[PDB]
Amino acid sequence: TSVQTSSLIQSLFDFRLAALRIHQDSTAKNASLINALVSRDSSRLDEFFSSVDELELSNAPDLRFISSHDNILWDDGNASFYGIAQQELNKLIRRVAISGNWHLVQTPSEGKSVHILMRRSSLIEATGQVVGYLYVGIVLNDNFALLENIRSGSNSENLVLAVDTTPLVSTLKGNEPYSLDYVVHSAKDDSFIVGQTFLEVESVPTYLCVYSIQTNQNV
C-alpha cells in the first residue's frame, strides 16, 4: 500500500492548498476589502484581515500582501518574521504572475532559501477595473502545523518534508529508534520502512519530498 499512502499524503496536501485557494478567492471578492483598499487607508485593510482571520485561524496563510504591478500597497507584515525583505516580495510578484494557480517559489532568508507556495487573486472593483492582486503564501520551512496535519490525517508514524537531503520540517520528537539524518538518506521501501512521495502542486511534479516512516508491523 505504498502508492496508497503516497496518494493519501497528496490528497491531504491538496486539501490544505484547497482550503486556502477557496478562502483567498472569496476574500478577493469582498467589497468590504475592495473598498477598504480603494479607500487608501491601511487600517481597514489591517482590521479587515485581522477579522477575516479572527475565526478562520490555522486556515489562514502565513503571508499575505496586496499589490498593483510592482507597487505593494499593503503587507500583513509577516514577511519579516520569516526573514524576508520587503524587497524580496517584489521579485516574487513577477514570479507568481499567473493568477489562480499555486506557485512553488524560493527566496533568500538569513542564509537559507525559504520555500513558499504562492497564489494571487485579482481584486476587482464593484466599475469592473482590476484594482490590485491579493497575494497569499504558505511557508514550508519549519511549518510543523502543516506537516503534523498531514501526518495525523494519514495516521503516519512520522513524516519529514525535505527539498531532498535537506529537511524543511519534521514530526520526529527525538526519541525515535531512527534519526532525522537516517530517514533522509534511506532507501525507499528493513525494520523501519521509509516511504517517499514527491508532492504535486496543481498536478505538476515538484521537488518537495515527503518521507513517511512506518514501522514493520511483522515485528
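Calculate, for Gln106 and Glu56, the FRET efficiency according to 1/(1 + (r/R0)^6) with r their C-beta to C-beta distance and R0 45 Å; round to the nearest 0.05. Show your work: numbers first, answer last.
Values: r = 28 Å, r/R0 = 0.61.
E(calc), rounded to 0.05, equals 0.95.
Enclosing the Cα atoms of segment 37-107 in their convex hull gives a volume equal to 112 cubic angstrom per residue. Modelled spin labels at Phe198 and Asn175, positioned 7 Å past Cα toward Cβ, are 3.6 nm from each other. Return the FRET efficiency for the residue pair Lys91, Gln217: r is the Cβ-Cβ distance, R0 is 41 Å, and the value is rounded to the nearest 0.05. The value I calculate is 0.30. By definition, a body whose alpha carbon gyration tensor gives a ≥ b ≥ c is prolate when a/c is 1.5 or more and a/b is larger than b/c, and the chain fits this prolate description. Applying the criteria of a DSSP loop state and at most 10 other Cβ atoms within 10 Å to the trypsin sites (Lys or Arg not before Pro) of segment 1-103 yields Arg40. On the basis of the beta-carbon distance and an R0 of 25 Å, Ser42 and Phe15 show a calculated FRET efficiency of 0.15.
Cβ sites come from the backbone with ideal geometry, for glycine too, and all protein chains shown count toward neighbours. Bear in mind that the values in this text are calculations on the coordinates, not laboratory data.
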